[PDB]
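Student: Give me a 3D structure for the following:
(chains A, B, C, D, E and F, ligands or ions: 2)
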Amino acid sequence: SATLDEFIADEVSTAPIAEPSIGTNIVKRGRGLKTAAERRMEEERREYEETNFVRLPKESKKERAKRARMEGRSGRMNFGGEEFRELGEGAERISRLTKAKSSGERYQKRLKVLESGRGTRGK
Amino acid sequence: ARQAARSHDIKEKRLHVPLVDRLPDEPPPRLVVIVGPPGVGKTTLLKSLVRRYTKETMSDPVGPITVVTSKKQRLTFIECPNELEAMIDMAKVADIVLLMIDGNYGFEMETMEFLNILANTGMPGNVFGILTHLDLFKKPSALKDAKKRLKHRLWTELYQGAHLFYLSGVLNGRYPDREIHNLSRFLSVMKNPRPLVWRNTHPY
Amino acid sequence: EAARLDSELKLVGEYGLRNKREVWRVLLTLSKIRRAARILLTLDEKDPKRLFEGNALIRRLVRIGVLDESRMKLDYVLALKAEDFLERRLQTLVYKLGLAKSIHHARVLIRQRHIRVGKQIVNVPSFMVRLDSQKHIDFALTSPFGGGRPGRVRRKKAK
Amino acid sequence: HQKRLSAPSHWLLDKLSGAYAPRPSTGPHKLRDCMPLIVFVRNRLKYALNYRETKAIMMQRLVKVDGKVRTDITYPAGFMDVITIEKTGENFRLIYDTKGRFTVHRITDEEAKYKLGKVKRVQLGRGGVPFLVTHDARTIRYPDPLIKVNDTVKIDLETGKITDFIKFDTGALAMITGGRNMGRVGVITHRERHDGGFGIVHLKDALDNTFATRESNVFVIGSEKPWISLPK
RNA sequence: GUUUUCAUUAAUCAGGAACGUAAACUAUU
RNA sequence: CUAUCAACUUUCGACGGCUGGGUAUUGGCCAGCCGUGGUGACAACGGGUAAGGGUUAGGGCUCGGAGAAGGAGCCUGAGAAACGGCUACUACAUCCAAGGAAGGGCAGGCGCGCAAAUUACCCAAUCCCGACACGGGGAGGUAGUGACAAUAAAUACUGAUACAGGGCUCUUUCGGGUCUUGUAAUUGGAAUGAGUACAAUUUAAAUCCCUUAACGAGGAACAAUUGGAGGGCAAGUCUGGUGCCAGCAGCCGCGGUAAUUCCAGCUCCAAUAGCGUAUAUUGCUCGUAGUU
Ligand SMILES: Nc1nc2c(ncn2[C@@H]2O[C@H](COP(=O)(O)OP(=O)(O)OP(=O)(O)O)[C@@H](O)[C@H]2O)c(=O)[nH]1
Ligand SMILES: [Mg+2]
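Tutor: Numbers count the residues shown, from 1 in each chain, chains lettered A, B, ... in the order given. Ligands and ions are numbered 1, 2, ... in the order given. Structure data below:
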């Protein structure tokens, strides 16, 4: 339903979407680009940091290897600023959701014509 | 099938040339030599090794020093002085070698000279690189960079993946006892020496 | 084969990439996108799957600036090319905007940290500049072309 | 020493409280139905930051639960226990929400002076005197002779005296404290006996949604009479 | 051939049973 | 999962009821007394050993017997038949003044004579145990190595001048096509990041990250590799033979090592911080079971 949600937010719902400034979604001198999901995750992480203003340890080996095995097993790719997905269970979810939401005058005209005779017998 | 290929390649790595052993049941003390450039503290390493081994604070240890290290085998240490005559003699007679390197200063002609003399006469049983003067560093980035490039150059010198230990400070004028303890852990449990034909044909 | 060799060399020279490794990387991502478009064409028209997925894919390609805004059809998504991706690369974009005299001048500028994309400087030239981000490519504020210090050799000449 | 995820999901911890989570100590409330005092201070209220900070705050006589000073860090305070903090002079009460999570409410002294506790049971104690067991593990000697099981009592909290009582009644409004429909404030409309174990009540909301909860999970709050200030 | 009957009794072959001086140019059509 | 498991139990009572003992309590759990059972073709019993649940768009997440040298017995305690102790036997091992005394686990290295990831730091945060705010934690985090992969990309960018007239290509070759190409030429510009590094920050203390003053490019260097194809050579060497030819080749030549500046850095192809190599490879008829 991800493409569906982006479609509603981009071509349906009447509200502007918050676009960040151009030079702020660059991670490490252009090496990658923060997608919208990782951008929101970074913003949530920064809000936690300011909540009780305790510093966080920059990501450890366990969580780093976990997100590494998830990107190794996933079917996404970040070509530019936007994310591309494989064409499997997401498209199937689109299909399932769409099927599930699909589930007295002509007598007067005839009398006038009949009362009036022909004008041209047959040229 | 690939298990059979791996097993065959391991056995073809296992084979050698059948040389004569000639080692008696009461084996003589194996020769540990300490070789380095002048002013790197081979005498101090000898002091701290013999203190870890026999608990004696030698004030001026000279000549060969015999130590028992197992119930079966015993070693003896000889520091090489800074003369190439002693270097060639002890090089042709050695069995395990501690090659000292002066850390930040990098490699030295004494080290490379001894390595090539050793490999030309006869490659001994064990060679270990020990690397000192690591307190003389100001940035640990420079420290680990020097350690990595020295380990690589030493590997290319003798072989891929040799043992290279690092000795940081000079605490009591002796060495870090934990550092020399793991060093002695490596040079304690030993294997029979490499049976070179010259040592196994002549009595020395 | 000589055809693949001369083709990869033409791409390298006219857009002065470093190696056919970079060329094959662009070819790989082009092939993956083109395969996804092929599967969406295997589906039939007016199916919701093809409709939504193809509209999403065309919108991504437009919003990164490869596909032209005029043609928005999956046949042209098939007709997308590695020449178009390399035109979207950052190094060729510096050379085309005219901050550089040549493509290799653009490459060495991007290496030694003179241009910026928007607010932060950019150290890599394989950056895929989006169409919204294309207009904000200028010299950084710490570069001697943009301002800041007069620079190293100018310093040694002023001494 | 359970993990943060295996900790109950209705006293909330974010994705940064570490892999661990405290376990509640032994006390009046049950283990699953508890909010510990450190989690109430530094995770929900954030009046401190660290375990040592909460240790110091709880070590000086600064946090009072149900009218009594509580010393240790992980004293359980599960449900409808007033928490008076005098340096801010605030009183906090623990209710649930429609989703089924702990919700803290701010109250002054007039409504903070009393508690509302559900009666667990009633018997005769030693000496031939009737005594009354709440769900707060509070025992009241010499009660009103009409207060049966599954009644509710307004408690003075200063002398522990039985100030008032509310009766289990069809046509009364309630709050749910368990089951798959936990935390759905609505009116009791029907009772089903099913003699032989696990009697049921049928409880609809104020807005036409019927569901079946069990009497043990049912917690009578008041016919209309919301004697505690529910959050608006 | 019949102005004759029984109406699947059929087909195939593991196993098995009866019969017993040589070679040397080669559903139709 | 199975009938190449149809009988099983009463072979440690198998099913009862009564009576007690012991257990915290119920109980053939055990002791007496008597009764006759109980299970099974709806799959008992046996055999094989290959020993999941919940959280639902998804994956993720969470939860899941026997022993501490060997039998045997005992002890504390709310919770143990603790392996913590003792007691005797057995099997080991150590000290000694030979009268005596105490004791048993895990981690590491070799395991060919030839090999390759630390014997790192702290309870700083989450959590636990205590007379207890202060004591103690082998969970936990921090650090180091790595070309096994994977990711990004440095080793240079741009002018001016002088001079030379050829550079390249092909089907078709003593033959075609096309026109600006070079130079070990001469000078000019700028840019700098690897590195060096004052600090400040980070943190238990440090590093890394972010900041950051000052340095930091002319080739003879801040020194790109791995393979393949091909040309040119002597007062040299070797081999064949109806003179000079041909072939293999050629660090090796008369002298000369502080001497030589030589094809002065020979040319082309491919990958390029990666690449190469080996091997595996990719007589006839009837007739039963059986079959149609
Ligand atoms: N800080 C520091 N000092 C060292 C280190 N190693 C050696 N030294 C000093 O350098 C000196 C070197 O002395 P030795 O090691 O005895 O030299 P040697 O070759 O063994 O014996 P000599 O023939 O006298 O030179 C020692 O006296 C130390 O004081 C080191 O690792 N760190
Ligand atoms: Mg010496």
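Student: CA only for contacts and neighbour counts going forward, please
Tutor: Will do.
Student: so how far is residue D:48 from the spatially most central residue of chain B?
Tutor: Geometric centre of chain B, nearest residue: residue B:98, 2.4 Å, by C-alpha atoms, centre = their mean. Per C-alpha to C-alpha, to the nearest Å, residue B:98 is found 57 Å from residue D:48.
Student: what's the longest helix in chain C?
Tutor: The single longest helix within chain C, with elements called by DSSP state H, is helix C:20-42.
Student: and residue B:133, how many residues sit next to it?
Tutor: Close neighbours of residue B:133, defined as other C-alpha atoms under 10 Å in any protein chain shown, add up to 18.
Student: Surely it is within a helix?
Tutor: No. Using DSSP: H, G, I helix; E, B strand; the rest coil, the assignment for residue B:133 is coil, not a helix.
Student: how many other residues sit next to the closest residue to it other than its chain neighbours?
Tutor: The spatially closest residue to residue B:133, leaving aside those adjacent along the chain, is residue B:103, at 5.3 Å (C-alpha to C-alpha, 6 or more residues apart in numbering or on different chains). Neighbourhood size, residue B:103 [other C-alpha under 10 Å]: 23.
Student: Chain D against RNA strand F: which residues are in contact?
Tutor: Proximity of chain D to RNA strand F is confined to D:1-3, D:5-6, D:17-24, D:49-52, D:55-57, D:59-60 under the rule C-alpha under 7 Å from any atom of the strand.
Student: In ChimeraX, how would I select the buried members of these?
Tutor: Buried residues among these (16 or more other C-alpha atoms under 10 Å in any protein chain shown), as a ChimeraX selection:
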select /D:21,23,24,50,55,57
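Student: In strands, which of the residues of chain D next to RNA strand F appear?
Tutor: Taking DSSP state E, every one of these sits outside strands.
Student: can you list the residues of chain A near RNA strand F?
Tutor: A:1-2, A:31, A:55, A:57-62, A:90, A:93.
Student: which ones among those residues are found in helices?
Tutor: A:2, A:61-62, A:90, A:93.
Student: now the residue nearest to residue B:133: how far from residue B:97?
Tutor: Counting by C-alpha to C-alpha, the gap from residue B:103 to residue B:97 is 18 Å.
Student: Next: residue D:59.
Tutor: 63 Å.
Student: Please work out how many residues are found near residue D:27.
Tutor: Here the number of neighbours of residue D:27 (other C-alpha under 10 Å) works out to 15.
Student: what kind of secondary structure is it in?
Tutor: Here residue D:27 is recorded as coil under three-state DSSP.
Student: Name the residue closest to the centre of chain D, please.
Tutor: Judging by C-alpha atoms, centre = their mean, chain D has its centre closest to residue D:79, at 1.7 Å.
Student: what about the helices in chain B?
Tutor: Using DSSP H, the helices of chain B run over residues B:2-14, B:42-54, B:84-93, B:109-121, B:140-157, B:177-186.
Student: Tell me which of those helices lies nearest to residue C:122.
Tutor: Among the helices of chain B, the nearest to residue C:122 by C-alpha to C-alpha is helix B:140-157 (25.5 Å).
Student: What count of nearby residues applies to whichever residue of chain B sits closest to ligand 1?
Tutor: Nearest to ligand 1, among the residues of chain B, is residue B:41, at 1.4 Å (C-alpha to the nearest ligand atom). Neighbour count of residue B:41, defined by other C-alpha under 10 Å: 19.
Student: List the residues that contact the closest residue to residue D:89 other than its chain neighbours.
Tutor: Residue nearest to residue D:89 in three dimensions, not counting chain neighbours: residue D:108, with 8.0 Å by C-alpha to C-alpha, 6+ apart. With contact set as C-alpha atoms under 8 Å, 6 or more residues apart in numbering or on different chains, residue D:108 has these partners: D:89-91.
Student: Where do the helices of the chain begin and end?
Tutor: Defaulting to chain A. All helices of chain A, identified by DSSP H, fall at A:2-7, A:36-51, A:61-73, A:89-102, A:106-115.
Student: that answer is for a different chain, and I need it for chain D
Tutor: Assigned by DSSP H, the helices in chain D fall at D:37-38, D:51-59, D:109-112.
Student: what about residue B:112, distance to residue B:152?
Tutor: 14 Å.
Student: How many residues are close by residue A:35?
Tutor: 16.
Student: near RNA strand F, which residues of chain B show up?
Tutor: Checking chain B against RNA strand F by C-alpha under 7 Å from any atom of the strand, the hits are B:13-20, B:125-127, B:138-142, B:144-145, B:148, B:158-163, B:165, B:178-179, B:181-182, B:186, B:189-196.
Student: ok, of those residues, which come out buried?
Tutor: Buried subset of the residues of chain B next to RNA strand F (neighbour count, 16+ other C-alpha under 10 Å): B:125-127, B:162, B:165, B:195-196.
Student: Contacting ligand 1 as well, which ones from the residues you listed?
Tutor: By C-alpha under 6 Å from any ligand atom, no member of those lies near ligand 1.
Student: In strands, which of those residues appear?
Tutor: B:126-127, B:165.
Student: want to throw those residues into TSV with distance to chain C?
Tutor: Converted to TSV, these look like this (distance: C-alpha to the nearest C-alpha, whole Å):
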residue	distance to chain C
B:126	43
B:127	42
B:165	38
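Student: Out of those, which comes closest to residue D:185?
Tutor: Nearest to residue D:185, judged by C-alpha to C-alpha, of these is residue B:165 at 70.7 Å.
Student: what sits against that closest one?
Tutor: Going by C-alpha under 8 Å, 6+ apart, the list of residues near residue B:165 reads B:128-131, B:183.
Student: what do you get if the cut-off is 7 Å, keeping everything else the same?
Tutor: B:129-131 (C-alpha atoms under 7 Å, 6 or more residues apart in numbering or on different chains).
Student: possible to save these as TSV with distance to residue D:42 and neighbour count?
Tutor: Below are the contacts of residue B:165 laid out as TSV (distance: C-alpha to C-alpha, whole Å; neighbours: other C-alpha atoms under 10 Å in any protein chain shown):
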residue	distance to residue D:42	neighbour count
B:129	54	19
B:130	52	21
B:131	50	23
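Student: Tabulate these in a markdown table, adding columns for distance to residue D:144.
Tutor: Formatted as a markdown table, the contacts of residue B:165 follow (distance: C-alpha to C-alpha, whole Å):
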| residue | distance to residue D:144 |
| --- | --- |
| B:129 | 89 |
| B:130 | 88 |
| B:131 | 87 |
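Student: Compare the helices of chain D and give me the one nearest residue D:100.
Tutor: Of these, nearest to residue D:100 by C-alpha to C-alpha is helix D:37-38, at 19.3 Å.
Student: what comes into contact with that closest one?
Tutor: D:54, D:73-77.
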